[PDB]
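Take a look at the structure below.
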Amino acid sequence: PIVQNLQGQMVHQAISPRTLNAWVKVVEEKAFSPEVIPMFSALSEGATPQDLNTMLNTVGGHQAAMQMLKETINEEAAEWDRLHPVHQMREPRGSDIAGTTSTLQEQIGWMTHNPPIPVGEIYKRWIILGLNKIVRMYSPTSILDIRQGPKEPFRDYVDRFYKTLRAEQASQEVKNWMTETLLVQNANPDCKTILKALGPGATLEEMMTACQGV
Amino acid sequence: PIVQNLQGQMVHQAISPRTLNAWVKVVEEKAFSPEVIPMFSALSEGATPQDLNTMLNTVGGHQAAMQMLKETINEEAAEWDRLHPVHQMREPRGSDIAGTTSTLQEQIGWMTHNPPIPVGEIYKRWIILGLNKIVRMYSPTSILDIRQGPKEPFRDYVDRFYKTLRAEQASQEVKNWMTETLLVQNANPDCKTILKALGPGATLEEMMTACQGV
Amino acid sequence: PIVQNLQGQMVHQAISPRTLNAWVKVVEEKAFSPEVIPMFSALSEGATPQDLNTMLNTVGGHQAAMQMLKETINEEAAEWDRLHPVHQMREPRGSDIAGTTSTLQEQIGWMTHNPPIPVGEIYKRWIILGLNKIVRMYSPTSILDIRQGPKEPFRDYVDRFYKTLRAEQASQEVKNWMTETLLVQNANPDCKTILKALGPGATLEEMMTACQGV
Amino acid sequence: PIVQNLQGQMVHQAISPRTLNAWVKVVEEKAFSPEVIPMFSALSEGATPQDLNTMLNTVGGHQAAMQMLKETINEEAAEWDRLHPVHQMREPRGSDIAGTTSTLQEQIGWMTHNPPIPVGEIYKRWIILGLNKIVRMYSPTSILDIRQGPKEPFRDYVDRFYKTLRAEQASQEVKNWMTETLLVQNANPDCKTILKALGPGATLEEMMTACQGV
Amino acid sequence: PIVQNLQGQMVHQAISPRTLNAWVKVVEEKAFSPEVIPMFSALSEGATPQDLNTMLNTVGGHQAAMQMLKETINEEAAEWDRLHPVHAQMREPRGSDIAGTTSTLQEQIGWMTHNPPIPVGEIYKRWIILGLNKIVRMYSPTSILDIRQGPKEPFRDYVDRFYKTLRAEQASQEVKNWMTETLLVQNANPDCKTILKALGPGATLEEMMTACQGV
Amino acid sequence: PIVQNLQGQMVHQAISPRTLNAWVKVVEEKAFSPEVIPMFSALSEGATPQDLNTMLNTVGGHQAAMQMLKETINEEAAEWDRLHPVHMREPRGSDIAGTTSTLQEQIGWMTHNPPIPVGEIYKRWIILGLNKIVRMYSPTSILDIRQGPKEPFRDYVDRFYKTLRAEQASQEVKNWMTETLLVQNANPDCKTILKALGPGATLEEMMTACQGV
Amino acid sequence: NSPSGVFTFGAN
Amino acid sequence: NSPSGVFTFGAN
Amino acid sequence: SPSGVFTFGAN
Amino acid sequence: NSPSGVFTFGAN
Amino acid sequence: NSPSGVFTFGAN
Amino acid sequence: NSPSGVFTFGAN
């Protein structure tokens, strides 16, 4: 991260050991379940591209996903180099934002210029786009295959449905259509008639309370 | 949270890794047992909507409950938008207070204006209104179903009774009626005869000391 | 707690996540063994009534005890309302000291007035009076049923005795009588003759070193 | 501890949850093995008598030892009341130094006076004199009972000997006599043969080097 | 590390107990899996040569690897002494000074805070990582040519094994390109291998995995 | 450690509880394996003699080792008393050991101009005691370290160099051992694979030669 | 009826 | 269909 | 009323 | 051939 | 006889 | 003859 030194200079604070071990445990145990992206964003607050590269290099498993992430980062860097052709410090190329071309002192320079050139936040977005693709791909079952078992509690089916819907990460208009028309239709034949007896305007809290005894 | 920088500027302090790991463990292990709401509030003191959304996004399981929470936040935001029409810092609409329309910068602006508009603590109220509904619903038993087993210790039955009574969170006159009538009427016969032999309206301390030997 | 801000104003410091994880673990593990009161009082150092309420609200189990504590706080607040009639801030009613009818800014006002009105310490005394009653009740053994086994080391019996004597918390003249008469009387037939040979002027270090080989 | 506040005034720094958890673990795991006293002294650097009491009151086990400690502290306080007759703030009586009749504000007043009366260190001397007696009594064997087994490595016997010698905590003349005479005399006949062959001038390094394979 | 103290002097900051216990745990558990090098580099951040030596001295196990690391540091230091002849406002560091064997801590902080800085911490960290690279390559349990997919094994678990081995073995990027294009296909099981060839030469790893996802 | 207070004065920062718990766990678990000495020297950075004494007093086990340490510190203190004859009061050896010196004398010495760095001098005497302790607590001699009939050479060299580090002979003895004991004590499969390289081969050449054996 | 909240102590 | 992201709450 | 559980200090 | 280094992201 | 204390190093 | 110390790296 970046911190004001007591001399008034902008200084990179090292990303702490507890942050790295938290990130490692999150990635290694939760295997790109959707929570990993919010937890990444929370752990990587104020991170330079050097700190972001440190986080991603410290991951040991899932190297297939880490290569998809690298290929996405290279792709987004190429899109940046396409949108922003090169022309008081030098402007970052896409490889500078990815922290390959740039030094840490350039990264602090850009991130503390006035106005700042937010290479840390821009790179975080490119990383999150790669993680989005990975999280979508690591989803174990598609939403159309989520249905409720005999004697499966409706609350436990809804937990499966919305965890899947969060991982698939379709647009909100598609999530609306899916929650309106799959969640009811894929409930088991006992819950399904109760749910349809609520009508199409029903709220999830009404569905869950109505089905709670079934 | 919000911190005064060395320059005196209002600066974001990132919600720490250990606070998030604590919150994640709290939600995952306690599964909207009622302690989750005081523990949420206590971990989230001084939190901006960016920090509150970080806490909520980091929760992994229970995505059915997170949709009930999201529906509540959306309903509270729509109510705010109904009561506070749009006309210094721009006046916050409900989606600003939920931290969707507003950036972190406007959130800190409002939280440090004079008078402050306390969008972090407003949003923490809308979150706790959603959690209250969830904790009521995730209560496994109606209080009418909490009764004492043969030779179950009265202290353990009272613990079950008041944990249920806390979760289902009736109004205080209803809690008074329940703690007067059901707490005695659902005791096992050995305790129930004692609790009826006590003067009616005995304190809980008198009830528990009287039945300690059963 | 309370601190002075850089601007010189009196400002709240929230009870930390680490302090709450400590308090919760303490109460859940030790189940109102007497160390809960010193450990509460230590973790509570400098707490406003909001911080005290945050600690008590975060306790999960033992909801019997938490209602007995609430009843004690309520009767202590009623005694405050009776001894200190209503006629700088308003002078606090007992509900203000308990932090039910008072804002955090009123609490910090009172705790930083000159002279201070120490509502945090007053409320912490009412809490500890309630915990004293609870710790007395949750003591599993009465001291009269603490007896030394035929092969039990005297040091283990003394530890069981003084831990019970601490929990049951009789008046000091009665503790003196118990430690003098019962500690001898409930010792086993070997230690009892060893301890009789010391006479009534037997300090605990003398009793324990006399029995040390038995 | 005591800290200079932002206003430059002398202010209490609360003994942290982690320091208390460390002390509670140390006492309850290590059962007055002698390293408990240096660990106590290290954990209570700069401690006020209120801090030194939060430490001692949070100890849950060994209530027999805590009574011996209380009796010792009372004997030291009565001795202080004798050697320092009663007549900046008032001169502290023995019960004031123990924190039984003094406020934390009086304790900070004495500990930050010019010259200070360091009631924290004075009281910690009384606590350590009590812990010295406790650690002596909790020693499992007299040093005269420590003798080498026919198959026991000399290094393990020396470890048993010096841990006992550290707990017995006789005067240095007596420790010299014991380490010179008894350590050899209590060794097994093979080690005793080697240790006599070295003569009495051998240091412990020579004694262990010569006996290393016996 | 280095910190400007309250008097404004550049003064050493001790490498914290948390950082050392993290590094020891990392090395003792992960046993020169490649993650050890980025985790060293992260925990190393801002280290003087005395701090780097503290990290390397604290490692208890793998003493064969720590001797191969010491021999590499001696090779790099001797190469520094070769590339930079000794001079006929401050002393100029020999390789033993950058390795922190013949330099005081005040010399190390002197150089690291000189103008221009002579960053003996970063130079020495490079020589350490050059030693760890060789060790991590050696501690790889498999060559990539002996990584292949089982008849029932998911292509995702096989790719994870392939790229973990490829990261440890750490060939040149032209050879990593050749291995990921040719061997990853060639060593897939017969059900996946046909799918992977059907995509043609340009397929990304995402296209390959999403195509093999159901096999 | 030594820090400056807000009043601009040199002041004792107490050695933290977590640093002591780390040191205690290090000593009690690792039992004077050689990594205890660099871990001590890392945990005790900037320590006064009072801090160093706190670390050494808090070690509960291994009291035989702690007496070897104490008598070594006494030997070094007596030699300091001789190497620096008696003339800020100049420290005797017992002052550097922190026995006869107040904490304020220790901070005075450690912050004088020129400083007398009694914390560093005492840390050297402690590490000189720990060296002898680590050598003695070495569980087997390097002459006893032999490769099993199915033990990987990589595990055998780990055992060899851990023993060589603990037993801590002079560099020419280490040269002879790593050149010739390491070869001679390899098992009959590896021993020829090593001898094939010639005697000048480096450790990485040996470990890559025996890699599959 | 709307849920009354789970704060046993204080202002809810 | 690009992936919309996994943030249930906030700015997305 | 119960006398309180503090062994040391002012209760 | 010297090892190329393990860093997937950034220029070693 | 009063105990001498358990500190091996320093001033006790 | 005194033990040479255990610091493989740095000044020992």
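Labeling convention for the structure tokens: chains A, B, ... as they appear, residues from 1 per chain, ligands from 1 in order of appearance.
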C-alpha RMSD, in-order pairing, chain C superimposed onto chain B: 0.5 Å
Nearby residues (only C-alpha atoms) at most 12 Å from residue 1 (chain K), same-chain spacing under 6 positions excluded, as a list in words: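 Once the adjacent positions are removed, what remains is residues 132, 133, 136, 168, 169, 170 and 171 of chain D.
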Write the residues of the selection above to a file with N, CA and C atoms, as a compact mmCIF listing (two decimals), in the first residue's frame.
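After the write, again-v9.txt holds the following:
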```txt
# COMPACT_ATOMS: atom_id res chain seq x y z
N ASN D 132 7.52 -16.23 44.71
CA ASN D 132 8.70 -16.99 45.10
C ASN D 132 8.34 -18.07 46.12
N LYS D 133 7.55 -17.71 47.13
CA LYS D 133 7.11 -18.72 48.09
C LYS D 133 6.26 -19.81 47.44
N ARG D 136 8.46 -22.10 45.25
CA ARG D 136 9.16 -23.04 46.12
C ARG D 136 8.25 -24.18 46.57
N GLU D 168 13.78 -24.63 44.23
CA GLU D 168 14.10 -24.57 45.66
C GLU D 168 14.65 -23.21 46.07
N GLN D 169 15.39 -22.55 45.18
CA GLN D 169 15.82 -21.16 45.35
C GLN D 169 16.36 -20.87 46.75
N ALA D 170 17.28 -21.73 47.21
CA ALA D 170 18.14 -21.46 48.35
C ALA D 170 19.13 -20.32 48.04
N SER D 171 19.87 -19.90 49.06
CA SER D 171 20.90 -18.88 48.89
C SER D 171 22.05 -19.39 48.01
```
Determine, counting only C-alpha atoms, which protein, DNA and RNA residues have an atom within 9 Å of an atom of residue 8 (chain H); residues of the same chain fewer than 4 positions away are not included. Present the result as a ChimeraX atom specification. /A:166 /B:53,56-57,66-67,70 /H:12
Export of the given selection (C-alpha atoms) as a CSV table (one decimal), in the first residue's frame:
```csv
chain,number,residue,atom,x,y,z
A,166,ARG,CA,-23.9,-15.6,-8.0
B,53,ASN,CA,-20.8,-3.7,1.5
B,56,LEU,CA,-21.8,-8.3,3.2
B,57,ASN,CA,-20.1,-9.3,-0.1
B,66,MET,CA,-28.2,-12.5,1.6
B,67,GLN,CA,-30.9,-12.1,-1.0
B,70,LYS,CA,-30.6,-7.3,-0.4
H,12,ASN,CA,-20.2,-3.3,-8.8
```
Using DSSP on the backbone, list every residue of region 16-197 of chain C that comes out as alpha helix (DSSP H), and give them as a PyMOL selection string. chain C and resi 17-30+36-43+49-58+63-83+94-97+104-112+119-138+154-168+172-177+183-185+189-196
Mind listing as number ranges by chain which residues of chain G are within 7 Å of chain C, counting only C-alpha atoms? G: 7-11
Residues as selected, C-alpha atoms, written as a short mmCIF file (atom, residue, chain, number, x, y, z; two decimals), in the first residue's frame, can you do that?
```
data_model
loop_
_atom_site.label_atom_id
_atom_site.label_comp_id
_atom_site.auth_asym_id
_atom_site.auth_seq_id
_atom_site.Cartn_x
_atom_site.Cartn_y
_atom_site.Cartn_z
CA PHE G 7 -30.24 -6.31 21.53
CA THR G 8 -30.97 -7.42 25.11
CA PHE G 9 -29.17 -4.33 26.51
CA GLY G 10 -29.13 -0.68 25.48
CA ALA G 11 -31.08 1.33 22.93
#
```
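What separates CA of residue 183 (chain F) from CA of residue 161 (chain F) is a distance of 12.8 Å.
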